[PDB]
Amino acid sequence: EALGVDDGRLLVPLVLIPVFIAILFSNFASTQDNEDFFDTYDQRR
Amino acid sequence: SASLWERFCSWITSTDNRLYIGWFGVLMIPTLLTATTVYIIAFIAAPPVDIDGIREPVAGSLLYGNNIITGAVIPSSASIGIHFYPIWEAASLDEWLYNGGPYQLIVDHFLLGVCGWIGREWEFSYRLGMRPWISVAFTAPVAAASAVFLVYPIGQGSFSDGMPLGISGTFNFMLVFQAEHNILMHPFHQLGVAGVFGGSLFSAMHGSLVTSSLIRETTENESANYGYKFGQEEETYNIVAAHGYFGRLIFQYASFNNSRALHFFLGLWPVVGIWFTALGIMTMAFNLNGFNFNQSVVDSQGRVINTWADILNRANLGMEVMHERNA
Amino acid sequence: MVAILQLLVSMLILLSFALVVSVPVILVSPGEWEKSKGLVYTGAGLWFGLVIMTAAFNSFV
Amino acid sequence: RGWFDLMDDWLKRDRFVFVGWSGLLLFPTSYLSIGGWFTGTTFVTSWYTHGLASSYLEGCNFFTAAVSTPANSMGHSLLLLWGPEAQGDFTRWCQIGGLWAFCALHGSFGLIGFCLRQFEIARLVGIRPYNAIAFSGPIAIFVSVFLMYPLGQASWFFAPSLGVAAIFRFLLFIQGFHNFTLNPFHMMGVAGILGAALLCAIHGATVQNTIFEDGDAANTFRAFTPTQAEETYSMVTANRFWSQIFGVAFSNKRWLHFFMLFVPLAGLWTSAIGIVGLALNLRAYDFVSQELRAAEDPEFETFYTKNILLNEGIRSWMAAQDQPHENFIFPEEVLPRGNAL
Amino acid sequence: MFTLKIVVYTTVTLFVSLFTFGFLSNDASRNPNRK
Amino acid sequence: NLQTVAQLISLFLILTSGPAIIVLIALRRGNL
Amino acid sequence: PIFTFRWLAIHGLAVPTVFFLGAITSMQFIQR
Amino acid sequence: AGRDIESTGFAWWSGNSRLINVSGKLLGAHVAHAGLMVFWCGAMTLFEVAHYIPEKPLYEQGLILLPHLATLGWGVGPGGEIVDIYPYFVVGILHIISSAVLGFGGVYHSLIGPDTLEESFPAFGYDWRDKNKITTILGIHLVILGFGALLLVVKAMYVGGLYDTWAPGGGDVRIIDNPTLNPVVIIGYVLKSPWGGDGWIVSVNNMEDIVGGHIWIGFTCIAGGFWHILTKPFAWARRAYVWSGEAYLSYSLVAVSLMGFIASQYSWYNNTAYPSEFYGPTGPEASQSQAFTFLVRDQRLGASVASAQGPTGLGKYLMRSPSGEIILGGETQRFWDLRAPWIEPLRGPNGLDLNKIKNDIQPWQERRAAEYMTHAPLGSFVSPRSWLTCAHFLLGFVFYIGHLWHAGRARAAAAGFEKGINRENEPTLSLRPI
Amino acid sequence: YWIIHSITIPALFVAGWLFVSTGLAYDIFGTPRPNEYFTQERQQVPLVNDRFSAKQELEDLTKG
Amino acid sequence: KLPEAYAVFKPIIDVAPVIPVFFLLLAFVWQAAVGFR
Ligand code: CLA
Ligand code: CLA
Ligand code: CLA
Ligand SMILES: CC1=CCCC(C)(C)[C@H]1/C=C/C(C)=C/C=C/C(C)=C/C=C/C=C(C)/C=C/C=C(C)/C=C/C1=C(C)CCCC1(C)C
Ligand SMILES: CC1=CCCC(C)(C)[C@H]1/C=C/C(C)=C/C=C/C(C)=C/C=C/C=C(C)/C=C/C=C(C)/C=C/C1=C(C)CCCC1(C)C
Ligand SMILES: CC1=CCCC(C)(C)[C@H]1/C=C/C(C)=C/C=C/C(C)=C/C=C/C=C(C)/C=C/C=C(C)/C=C/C1=C(C)CCCC1(C)C
Ligand SMILES: [Cl-]
Ligand SMILES: [Cl-]
Ligand SMILES: [Fe+2]
Ligand SMILES: [Mn+2]
Ligand SMILES: [Mn+2]
């Protein structure tokens with residue numbers, strides 16, 4: 001059951017891959033200015 | 001540029017690619033390609049599928065005695081119902097092919113792909129700085145496809161009731177749907193017919209009026225299409241002349257003087273019609289069938305005087321008995 | 001005991017109709033709500049009183 | 001000037017409704033056809049031709065009321081009111097289905113008059129006559145379906161009756177007796193109609209979503225004026241969008257509008273060819289190889305064979321009431337059924 | 001059948017994660033009017 | 001039927017109550 | 001005035017239209 | 001003026017778009033629409049109780065709100081029979097009377113109330129771009145929703161209880177003493193597959209799970225409301241979303257579209273939160289009831305070409321499931337996933353047990369099966385389940401359309417080209433061809 | 001406008017009403033009344049069989 | 001069936017649920033009153 005996960009090994013792609021990409025995304029996120037802007041969207045990128 | 005992920009994002013959302021990918025395309029391309037190749041392989045060489053679940057398979061593949069017209073990807077077995085049936089949930093690959101698993105694979109990946117196509121149309125509209133409502137127009141065929149492929153099996157309880165991925169299978173789906181639900185008498189299919197007929201009429205009318213009032217920018221020895229240059233800032237046809245012709249063909253009041261309003265109506269009419277017919281299919285999936293005017297006329301003695309609706313019901317009954325192989 | 005309740009809720013319906021017609025007209029109109037501000041208060045109070053009285057008499061019926 | 005010149009001047013006057021020379025044919029014929037259809041759907045019965053009630057006087061609604069085709073006893077007769085069938089009797093003329101012939105003939109001449117009206121208005125305005133060539137599509141549809149098909153068949157009886165449920169019955173009858181969905185010309189017609197609807201929707205959305213910001217208002221319908229020398233939408237942006245979204249895009253507006261004209265017209269003409277083929281029972285009903293395979297292999301079944309069985313069911317379970325003149329009497333044992341196949 | 005399932009899960013998770021984190025990477029700023 | 005008459009009268013009064021507000025606002029020349 | 005193309009076409013539409021509306025309204029109250 | 005296209009740029013048919021940047025009139029419009037909803041609820045409840053025929057069941061009279069009130073336990077006795085309609089009348093009266101107050105509030109805040117709120121009531125004003133204030137309003141309304149869920153829980157456990165179809169010998173109004181507060185069950189329901197045989201959250205088949213899940217939902221909503229009141233959106237959230245009224249509207253639109261699809265599936269399939277004594281049997285329920293009635297009429301007597309074990313391998317109207325379990329045979333094989341109270345006592349570890357049907361069958365089960373066979377949503381009467389499912393599926397689809405429209409326009413307006421292409425600096429003219 | 005149309009239009013509507021209520025439509029258009037779909041001798045559907053004797057055949061069928 | 005005291009008010013209740021539709025129409029009437037400005 002759960003997310004179609006009838007074998008524990010299936011949890012390895014479902015966690016390691018989202019984390020790894022997130023780590024890459026972290027290198028993006030730390031680069032961006034994370035201050036408030038008070039606008040409809042943030043043009044700083 | 002700043003980071004590896006930033007470079008990947010710049011490449012994904014780049015307008016310099018021959019075909020725009022975008023984040024919606026990141027989901028659209030794999031699903032659409034998978035569904036395409038599985039559909040081709042199944043249409044060429046799939047084994048026959050026991051669609052009715054009573055151990056009498058139906059062939060729909062070219063290698064099993066079908067042509068292009070009669071070939072189809074047979075819907076999943078009635079024993080499967082609407083159970084999720086991937087390859088790994090079948091005991092063997094032969095069992096998966098025998099129960100119509102490739103139909104479920106193609107349908108699911110194709111629905112994901114068309115949702116990604118809607119999102120990708122919006123995404124490239126946003127990237128180009130244009131207005132985003134082309135995807136709203138494209139929702140109508142997507143809605144119709146989801147109604148004939150997903151919503152109707154959900155309401156009926158089996159993917160075997162879905163439309164087969166073929167030509168003769170499509171005709172069989174239409175005939176069985178008419179027999180079961182009398183879709184011709186359903187007002188939403190009537191609205192869809194009005195939508196498609198009006199779309200054809202309005203496309204022909206708009207093309208005729210624009211082509212009729214083409215401003216002379218060419219000689220007799222060449223095609224008139226060369227009178228228009230790509231990227232030119234001037235209008236290639238006289239709106240006033242076409243408006244006058246249309247307002248003289250009918251009464252003066254009936255005309256679309258505003259070109260933007262005319263094109264908005266052109267976009268609106270068939271999209272609304274297809275939306276209505278998709279909604280009708282969705283409603284009839286839960287047995288909200290069309291109008292029933294059977295036995296609407298009787299004489300003084302009480303005998304039923306038949307109408308054209310009675311003849312339509314006779315045809316529907318003739319189809320119904322053939323479709324139901326059981327009592 | 002039933003006729004009194006029927007008359008009471010009929011009066012409530014009439015007062016609800018009158019308030020629905022009058023209150024937006026009184027409030028929006030620049031002329032009204034200055035010489036007739038208390039009329040709205042009296043009408044709303046009478047409406048709530050009629051509601052309470054109907055709820056009371058519904059019990060005996 | 002002469003009398004002809006003065007009449008031409010009067011017919012060409014800029015009135016609220018243009019008359020023209022073509023009006024002398026269009027207005028009376030179209031008016032009579034529409035009035036006859038209303039009269040038939042309101043008062044005239046089909047009891048003596050089809051054994052059916054099709055009129056508001058008999059209790060029918062908008063869907064079930066129709067101007068039914070003449071009786072099969074009549075051949076391809078013109079069914080003139082003064083003709084030998086009616087002999088001047090209006091009641092007998094209405095009872096035998098002569099009002100259907102009235103509507104069909106005056107409506108065909110009304111379509112001819114409207115096509116001539118399009119030609120005349122195009123000539124007077126001073127534009128190319130790409131209307132009345134687009135209308136040739138509907139003209140061919142009407143000629144093939146309401147005129148050529150019954151003429152190829154036994155009588156006017158098998159023509160479509162002028163009604164909603166009558167048209168639905170005609171659809172199912174043609175499917176049962178001809179397998180018209182399997183006809184390739186009908187397939188080309190379906191492709192043309194669906195592609196024309198697609199073109200209309202996609203062109204409208206593309207123009208609405210590529211407009212230039214020519215106004216300060218959020219609602220952009222006011223930003224256009226007819227006396228504009230500039231295009232109201234960006235063709236370059238639309239071409240880029242559809243070239244990087246679909247892989248191909250229009251770059252010529254004239255070619256795009258000619259294509260939007262051409263697709264429904266070609267579809268209608270192909271469907272007209274298919275219906276003309278049906279008129280002589282020259283139908284793409286069956287595939288011989290598939291029938292031979294199914295005959296020598298009871299375990300061979302495709303959706304085409306299921307369609308053949310469905311068409312057999314429509315024919316047998318409707319023949320009795322759809323063709324009452326034939327006096328078809330089919331026992332329950334001979335009626336095909338899914339059970340005991 | 002398990003190896004096919006793990007491959008499909010890996011592929012789907014990768015593509016869904018790419019989609020999710022791509023639309024989280026300030027997608028609104030990727031417009032021609034951004035300064 | 002008397003109940004049909006009552007339904008018609010109530011429907012007429014409800015349908016009148018709507019435009020009556022607009023008419024009164026127009027008579028008093030308020031913000032319409 | 002008395003005779004105009006617009007006038008004649010309007011009456012050719014309307015005189016049958018009102019006649020047919022009366023006929024259909026009568027059909028609505030038939031015993032059927 | 002602000003009420004014309006000249007001063008706003010919006011035509012009359014888009015006129016409520018003029019309410020985006022004025023707060024008081026927007027609040028009045030929302031309160032007026034809420035009053036409309038409450039008025040419809042009360043009026044339709046009064047209409048249904050005015051047309052209620054005591055002998056007929058609820059699902060045979062085209063009623064949709066009375067089944068909702070009966071599921072809550074009001075005016076219903078054992079077996080789903082309706083005792084009195086007075087509590088339904090009270091519910092309708094209370095809604096239709098509170099509608100007057102809500103309508104007055106909407107009219108006041110729309111017409112004569114201030115157009116903007118921040119200049120006079122700073123505690124209620126907003127800008128659609130002050131993320132902290134919008135999150136505070138979201139948190140307050142989240143607390144309200146959580147308290148509503150806890151109110152349903154209190155009704156379930158303290159005030160009267162809820163109707164349960166799974167009570168022995170037919171459904172009955174029962175107090176839910178011990179709801180399922182175990183997080184594993186709730187998470188498994190949330191993470192369950194939505195396909196056939198699993199059903200995701202639609203397949204909740206007992207009242208204890210419903211009450212426990214609503215406990216979790218209420219407390220989670222209260223906690224999230226306090227969180228959003230006391231916090232500000234994080235850096236990843238700020239850079240990902242458009243911060244404007246139309247964007248929030250589009251988010252709500254897609255949320256309610258998904259909710260409408262879920263509710264349509266709930267009405268079509270679920271027979272626990274939608275009892276079959278009030279909404280009628282489901283389509284699978286009707287088909288399986290017809291098959292079970294035929295099986296019973298074969299076991300008794302036996303002249304219907306079934307007198308012994310000679311036909312098939314098992315008894316008549318029996319076959320084996322794809323996983324090997326014993327199920328009802330025939331065209332109803334696709335509906336073997338149905339679980340209904342009148343058929344559960346006849347089902348064992350391997351499925352339907354023939355001897356248990358022969359001996360341990362009850363007359364009320366036969367009566368339920370026959371009455372559900374008579375009224376079939378698919379066929380054997382338009383079921384109220386069909387009306388609810390079709391209506392809310394259509395609403396979900398059209399609100400997905402609305403979400404797409406409003407989200408695209410919010411993106412275009414935030415970027416700044418929702419009125420068209422600039423024609424002075426055209427974006428595609430700067431891009432190189434191909 | 002309204003002066004002429006306040007007399008002609010209601011009179012025309014009443015004439016259309018009386019065209020049906022007085023039974024003139026059935027006589028003019030040959031539409032059978034609800035009590036004369038099947039005669040005592042002919043309980044079947046009446047159908048014309050010959051085109052050149054259609055008038056006489058309809059006279060025979062509609063005589064009763 | 002309504003209670004005994006409230007039976008005579010069945011017609012108005014029957015008119016009640018279709019009131020919101022009129023509200024929509026009323027809005028259009030208001031837009032008709034101001035000239036669709
Ligand atoms: C339920 C839906 C709904 C709601 C709540 C609103 C609400 C509002 N609209 Mg919108 N609108 C709607 C539908 C809706 N509209 C539709 C469908 C259209 C298209 C036709 C419009 C078109 C539209 C435009 C074009 C504009 C608005 C504007 C407004 C605002 C003020 C209107 C005004 O000046 O009233 C004036 C109306 C009157 C004086 C007459 C009606 C009087 C009252 C309201 C009748 C209520 C009857 C009720 C029974 C009374 C109960 C009394 C109580 C004590 C019980 C208000 C917030 C305007 C605005 O503020 O923009 C800035 C504006 O410009 N709307
Ligand atoms: C209507 C209710 C509501 C709304 C509009 C919001 C809105 C918001 N919240 Mg809040 N929140 C809520 C309720 C709500 N919250 C509740 C009840 C809780 C308690 C659990 C929280 C706890 C919470 C935290 C702790 C945080 C937010 C944050 C946010 C912001 C970004 C959220 C985001 O990107 O989603 C992201 C969504 C996902 C990653 C998807 C998760 C889905 C989970 C795994 C369940 C999946 C179920 C199912 C399998 C898939 C969906 C099926 C569907 C059909 C139901 C946004 C302002 C964030 C923020 O910036 O604020 C500071 C943040 O950090 N919220
Ligand atoms: C909670 C939901 C919600 C909210 C608050 C809004 C709010 C808004 N929308 Mg959005 N929208 C929604 C849902 C929503 N919409 C959905 C679900 C759809 C898909 C159908 C749309 C499609 C949509 C479009 C296409 C547009 C908007 C626009 C607007 C704005 C102006 C609306 C207006 O003036 O109405 C005016 C009201 C009318 C003209 C009345 C329409 C009546 C409909 C067509 C009849 C439907 C049948 C009816 C219910 C049955 C009654 C029968 C009766 C006729 C007898 C406003 C910001 C417009 C805008 O300015 O964008 C910012 C715009 O262009 N919306
Ligand atoms: C409510 C409703 C819902 C949806 C919207 C809606 C559609 C707008 C609306 C419908 C409203 C409705 C119901 C509208 C209906 C309108 C109607 C019924 C109009 C009827 C017109 C009749 C005509 C023109 C007949 C003329 C007779 C002629 C020419 C005779 C010809 C003769 C014949 C027989 C042949 C021999 C020759 C002669 C003698 C010449
Ligand atoms: C085509 C056309 C023509 C012109 C242009 C157009 C405007 C666009 C269009 C209009 C078309 C149309 C058809 C416009 C029609 C518009 C109409 C008739 C609108 C009527 C609205 C009535 C309302 C809102 C009643 C509210 C009463 C209440 C709440 C009180 C109720 C009750 C009372 C008795 C008291 C208490 C009990 C209860 C039950 C509560
Ligand atoms: C703002 C806006 C601007 C322009 C556009 C717009 C849409 C036109 C407008 C919206 C305006 C809007 C939407 C305004 C909103 C208006 C609303 C929803 C008004 C509600 C009125 C309900 C009443 C009076 C019912 C009272 C019930 C009673 C007395 C029950 C009695 C019962 C008792 C006691 C016992 C039993 C019997 C009964 C009789 C049944
Ligand atoms: Cl079949
Ligand atoms: Cl069966
Ligand atoms: Fe165009
Ligand atoms: Mn089915
Ligand atoms: Mn069937």
# chains A, B, ... in the order shown; residues from 1 in each chain; ligands from 1

call {"tool": "interface_residues", "arguments": {"of": "chain G", "to": "chain B", "cutoff": "12 Å", "atoms": "only C-alpha atoms", "output": "PDB file with N, CA and C atoms, in the first residue's frame"}}
result
ATOM      1  N   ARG G   6     -39.475  46.431 -46.913  1.00  0.00           N
ATOM      2  CA  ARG G   6     -39.315  46.060 -45.511  1.00  0.00           C
ATOM      3  C   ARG G   6     -40.666  45.773 -44.868  1.00  0.00           C
ATOM      4  N   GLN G  31     -57.039  18.293 -25.291  1.00  0.00           N
ATOM      5  CA  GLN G  31     -57.246  17.269 -24.269  1.00  0.00           C
ATOM      6  C   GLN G  31     -56.068  16.304 -24.161  1.00  0.00           C
ATOM      7  N   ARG G  32     -55.315  16.119 -25.246  1.00  0.00           N
ATOM      8  CA  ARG G  32     -54.148  15.233 -25.279  1.00  0.00           C
ATOM      9  C   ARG G  32     -53.182  15.441 -24.113  1.00  0.00           C
TER      10      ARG G  32
END

call {"tool": "residues_around", "arguments": {"residues": "residue 104 of chain H", "least_positions_apart": "2", "cutoff": "10 Å", "atoms": "only C-alpha atoms", "output": "JSON, numbers by chain"}}
result
{"C": [20, 23, 24], "H": [28, 31, 32, 35, 98, 99, 100, 101, 102, 106, 107, 108, 109, 110]}

call {"tool": "write_last_selection", "arguments": {"atoms": "C-alpha atoms", "output": "tab-separated table (two decimals), in the first residue's frame"}}
result
chain	number	residue	atom	x	y	z
C	20	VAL	CA	-36.48	44.03	1.79
C	23	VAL	CA	-33.96	49.18	3.62
C	24	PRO	CA	-31.70	49.26	0.50
H	28	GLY	CA	-19.85	42.98	0.95
H	31	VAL	CA	-21.04	38.27	2.47
H	32	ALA	CA	-23.96	38.71	0.05
H	35	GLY	CA	-26.24	34.95	2.30
H	98	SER	CA	-29.60	33.72	9.08
H	99	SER	CA	-29.66	34.38	5.32
H	100	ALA	CA	-31.51	37.64	5.99
H	101	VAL	CA	-28.77	38.81	8.38
H	102	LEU	CA	-26.02	37.79	5.95
H	106	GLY	CA	-23.55	42.09	2.30
H	107	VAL	CA	-25.82	44.92	1.13
H	108	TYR	CA	-24.45	47.25	3.83
H	109	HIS	CA	-20.78	46.47	3.17
H	110	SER	CA	-21.40	46.72	-0.61

call {"tool": "residues_around", "arguments": {"residues": "residue 2 of chain F", "least_positions_apart": "5", "cutoff": "12 Å", "atoms": "only C-alpha atoms", "output": "list in words"}}
result
residues 7, 8 and 9 of chain F; 8, 10 and 11 of chain J

call {"tool": "write_last_selection", "arguments": {"atoms": "N, CA and C atoms", "output": "tab-separated table (two decimals), in the first residue's frame"}}
result
chain	number	residue	atom	x	y	z
F	7	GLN	N	-49.34	30.32	-5.73
F	7	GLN	CA	-47.97	30.26	-6.24
F	7	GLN	C	-47.71	31.38	-7.24
F	8	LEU	N	-48.65	31.62	-8.15
F	8	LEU	CA	-48.48	32.68	-9.14
F	8	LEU	C	-48.43	34.05	-8.48
F	9	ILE	N	-49.28	34.29	-7.48
F	9	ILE	CA	-49.29	35.58	-6.80
F	9	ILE	C	-47.99	35.80	-6.04
J	8	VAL	N	-50.34	26.06	4.98
J	8	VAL	CA	-50.91	27.06	4.08
J	8	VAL	C	-49.83	27.92	3.43
J	10	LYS	N	-47.22	26.67	2.04
J	10	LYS	CA	-46.54	25.85	1.04
J	10	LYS	C	-46.21	26.59	-0.26
J	11	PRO	N	-47.12	27.38	-0.87
J	11	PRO	CA	-46.77	27.98	-2.18
J	11	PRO	C	-45.54	28.88	-2.15

call {"tool": "residues_around", "arguments": {"residues": "segment 153-161 of chain D", "least_positions_apart": "4", "cutoff": "9 Å", "atoms": "only C-alpha atoms", "output": "ChimeraX atom specification"}}
result
/D:49-50,66-77,100-101,145-149,165-167,169-171,279-281,323

call {"tool": "residues_near_ligand", "arguments": {"ligand": "ligand 6", "cutoff": "8 Å", "atoms": "only C-alpha atoms and all ligand atoms", "output": "PyMOL selection string"}}
result
(chain C and resi 9-10+12-13+16-17+20+51+54-55) or (chain H and resi 28-29+32-39+43+46+93+96-104+106-107+110-111) or (chain J and resi 6+9+12-13+20+23-28+30)

call {"tool": "residues_around", "arguments": {"residues": "residue 9 of chain E", "least_positions_apart": "4", "cutoff": "9 Å", "atoms": "only C-alpha atoms", "output": "PyMOL selection string"}}
result
(chain A and resi 10+13-14) or (chain E and resi 4-5+13-14)

call {"tool": "atom_distance", "arguments": {"atom1": "atom CA of residue 5 of chain I", "atom2": "atom CA of residue 32 of chain J"}}
result
26.7 Å

call {"tool": "residues_around", "arguments": {"residues": "residue 275 of chain B", "least_positions_apart": "2", "cutoff": "12 Å", "atoms": "only C-alpha atoms", "output": "JSON, numbers by chain"}}
result
{"B": [136, 137, 138, 139, 140, 141, 142, 143, 144, 145, 146, 147, 188, 189, 190, 191, 192, 193, 194, 195, 196, 268, 269, 270, 271, 272, 273, 277, 278, 279, 280, 281, 282], "H": [394, 397, 398, 401]}

call {"tool": "select_by_dssp", "arguments": {"residues": "segment 134-182 of chain H", "states": "helix (DSSP H, G or I)", "output": "list in words"}}
result
residues 134, 135, 136, 137, 138, 139, 140, 141, 142, 143, 144, 145, 146, 147, 148, 149, 150, 151, 152, 153, 154, 155, 156 and 157 of chain H

call {"tool": "interface_residues", "arguments": {"of": "chain J", "to": "chain H", "cutoff": "9 Å", "atoms": "only C-alpha atoms", "output": "PyMOL selection string"}}
result
chain J and resi 1-3+7+10+13-20+23+31+36-37

call {"tool": "interface_residues", "arguments": {"of": "chain F", "to": "chain J", "cutoff": "8 Å", "atoms": "only C-alpha atoms", "output": "number ranges by chain"}}
result
F: 3-4, 6-7, 10-11, 15, 18-19, 22, 32

call {"tool": "atom_distance", "arguments": {"atom1": "atom CA of residue 57 of chain H", "atom2": "atom CA of residue 330 of chain H"}}
result
29.1 Å

call {"tool": "residues_around", "arguments": {"residues": "residue 45 of chain I", "least_positions_apart": "6", "cutoff": "10 Å", "atoms": "only C-alpha atoms", "output": "PyMOL selection string"}}
result
(chain B and resi 305) or (chain D and resi 47-52+324-325) or (chain I and resi 37-39)

call {"tool": "residues_near_ligand", "arguments": {"ligand": "ligand 7", "cutoff": "12 Å", "atoms": "only C-alpha atoms and all ligand atoms", "output": "number ranges by chain"}}
result
B: 51-52, 58, 160-161, 163-164, 168-180, 318-325; D: 301-313, 337-338

call {"tool": "interface_residues", "arguments": {"of": "chain A", "to": "chain B", "cutoff": "12 Å", "atoms": "only C-alpha atoms", "output": "list in words"}}
result
residues 4, 6, 20, 21, 22, 23, 24, 25, 26, 27, 28, 29, 30, 31, 32 and 45 of chain A

call {"tool": "atom_distance", "arguments": {"atom1": "atom CA of residue 341 of chain H", "atom2": "atom CA of residue 370 of chain H"}}
result
14.0 Å

call {"tool": "residues_near_ligand", "arguments": {"ligand": "ligand 9", "cutoff": "7 Å", "atoms": "only C-alpha atoms and all ligand atoms", "output": "PyMOL selection string"}}
result
(chain B and resi 206+263) or (chain D and resi 203+257)

call {"tool": "write_last_selection", "arguments": {"atoms": "N, CA, C and O atoms", "output": "PDB file, in the first residue's frame"}}
result
ATOM      1  N   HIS B 206     -15.194  33.178 -42.432  1.00  0.00           N
ATOM      2  CA  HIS B 206     -14.070  34.070 -42.172  1.00  0.00           C
ATOM      3  C   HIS B 206     -13.015  33.956 -43.265  1.00  0.00           C
ATOM      4  O   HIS B 206     -12.487  34.972 -43.735  1.00  0.00           O
ATOM      5  N   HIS B 263     -12.935  37.571 -33.773  1.00  0.00           N
ATOM      6  CA  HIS B 263     -12.032  36.463 -33.486  1.00  0.00           C
ATOM      7  C   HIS B 263     -12.299  35.858 -32.112  1.00  0.00           C
ATOM      8  O   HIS B 263     -12.131  34.646 -31.930  1.00  0.00           O
TER       9      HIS B 263
ATOM     10  N   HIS D 203      -7.596  29.577 -34.337  1.00  0.00           N
ATOM     11  CA  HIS D 203      -7.338  30.886 -34.919  1.00  0.00           C
ATOM     12  C   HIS D 203      -7.921  31.991 -34.054  1.00  0.00           C
ATOM     13  O   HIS D 203      -7.279  33.027 -33.848  1.00  0.00           O
ATOM     14  N   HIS D 257      -6.047  31.925 -44.058  1.00  0.00           N
ATOM     15  CA  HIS D 257      -7.483  32.098 -44.242  1.00  0.00           C
ATOM     16  C   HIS D 257      -8.004  31.262 -45.405  1.00  0.00           C
ATOM     17  O   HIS D 257      -9.120  30.730 -45.330  1.00  0.00           O
TER      18      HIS D 257
END

call {"tool": "decode", "arguments": {"residues": "segment 10-27 of chain I", "atoms": "C-alpha atoms", "output": "PDB file, in the first residue's frame"}}
result
ATOM      1  CA  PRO I  10     -54.917  39.987 -30.791  1.00  0.00           C
ATOM      2  CA  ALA I  11     -57.566  39.287 -33.441  1.00  0.00           C
ATOM      3  CA  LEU I  12     -55.005  37.352 -35.486  1.00  0.00           C
ATOM      4  CA  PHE I  13     -53.941  35.410 -32.385  1.00  0.00           C
ATOM      5  CA  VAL I  14     -57.582  34.543 -31.655  1.00  0.00           C
ATOM      6  CA  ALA I  15     -58.059  33.485 -35.288  1.00  0.00           C
ATOM      7  CA  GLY I  16     -55.039  31.197 -35.002  1.00  0.00           C
ATOM      8  CA  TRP I  17     -56.477  29.790 -31.772  1.00  0.00           C
ATOM      9  CA  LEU I  18     -59.863  29.139 -33.396  1.00  0.00           C
ATOM     10  CA  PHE I  19     -58.219  27.493 -36.413  1.00  0.00           C
ATOM     11  CA  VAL I  20     -57.291  24.645 -34.037  1.00  0.00           C
ATOM     12  CA  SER I  21     -60.054  24.804 -31.416  1.00  0.00           C
ATOM     13  CA  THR I  22     -62.864  24.661 -33.999  1.00  0.00           C
ATOM     14  CA  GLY I  23     -61.266  21.668 -35.742  1.00  0.00           C
ATOM     15  CA  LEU I  24     -60.663  23.432 -39.062  1.00  0.00           C
ATOM     16  CA  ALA I  25     -56.979  22.434 -39.108  1.00  0.00           C
ATOM     17  CA  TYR I  26     -57.848  18.721 -39.156  1.00  0.00           C
ATOM     18  CA  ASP I  27     -60.258  19.209 -42.064  1.00  0.00           C
TER      19      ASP I  27
END
